[PDB]
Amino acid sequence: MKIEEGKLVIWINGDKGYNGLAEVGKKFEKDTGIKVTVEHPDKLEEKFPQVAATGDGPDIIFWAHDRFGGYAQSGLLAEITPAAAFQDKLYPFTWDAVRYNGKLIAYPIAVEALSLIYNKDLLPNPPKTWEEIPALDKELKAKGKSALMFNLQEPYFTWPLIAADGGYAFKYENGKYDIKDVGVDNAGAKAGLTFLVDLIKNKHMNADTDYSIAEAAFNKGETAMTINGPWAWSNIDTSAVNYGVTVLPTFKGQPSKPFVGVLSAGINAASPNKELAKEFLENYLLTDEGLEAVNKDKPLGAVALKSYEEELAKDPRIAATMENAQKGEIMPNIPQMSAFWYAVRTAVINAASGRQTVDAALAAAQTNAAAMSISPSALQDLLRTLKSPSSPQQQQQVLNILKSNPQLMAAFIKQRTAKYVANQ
């Protein structure tokens, strides 16, 4: 039903250090008397557009910026209007990642890029290229260990190899991402996914290795390398593995190009606490103290706040993160990114498991890179707009909805005319 008025519900992904974020919520609570609740649901990036479509869910949603355009296209986020004095606190390229159709739709938090993590004790010199990993594995498998384990179930982790020699999502032409030009099944992406599949066929990796298996194997010293982001550093720190964070290996002499994500905090368009959330994000979280509380839980990476990024400039692991980010590409925020990730996830899974050939999986993924009817129905927008704070712009949304849907216009007339005779 109604989002609670007078408090803040926050949704953030389970690997992002929600406990540190909750600590800044408790400081917000002691300073204001407003309770802040941080939750971490499973399949968060899918649950939010489903519940917010009817005007439900959290006041603040945390995720990488690539999902937010589809959220904004479906009318699920409120426009972000920060002062010029606050826009100058964050780097402009972080603001660009959350700008959609000209309007800011989220607050940037931190910049995330995948890096090569390696055990310095097992591998004093990590490989510079993807090509030398098979020989490194047969050398390490002779002593029971293994070379590299990373999550193969999410295409986010295998995308750097796919894009390294020519793979891309949508081409950028004149400030507009070309929905028509998709580079999912070109020769560069074909050779990248083939190298990953070949290393499974040669038993250098298992097709079913996921996030938990890969992370535990590295933290237990079972594999010499892994591929992950900054949020994984603190779990490695408590494992006492002498690790290093360095540039990702090259493929065909080309640097692997990870998809750069900017962690961002959106505001629900149906939330009655839009002013409280702006106060929370600008004056409490986007501070040196606020980011330090989150970063100490799970590291953020290259934060958007200039002041704390200066304090965090001297980290070699953050320098390696920016290097891989500079070699990678910023993620598009267009609504079609939802269908892009779905298509590539199916191809990587159907090519790694042995189910389809690399060319058949990518060709099918090239076709499916288009969003299909994941837009709210005419019955949900009304419920969402009616469950949203009242304004002349919200009331006009209700009218244009009814004027285009007769049987909803009919239901509204019959239910309100009966109400109008209750008070005569």
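In case it trips you up, residue 1 is the first one in the sequence shown, and so on.
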property	result
Comparing 208-216 with 269-277, the one whose average Cα B-factor in the PDB entry is higher	269-277
6-14 set against 410-418, stretch whose average Cα temperature factor tops the other in the entry	410-418
Top Cα B factor in the deposited entry, candidates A64, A361, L399, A53	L399
Peak C-alpha temperature factor (PDB record), options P92, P155, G229, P82	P82
Lowest, middle or highest third - CA B-factor, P58	middle
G192 - which third its CA temperature factor falls in, relative to the rest of the chain	middle
CA B-factor ranking of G328, expressed as a third of its chain	middle
Where the record places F150 (Cα B-factor, split into thirds across the chain)	lowest
Chain third (lowest, middle, highest) by recorded CA B-factor, residue given as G354	highest
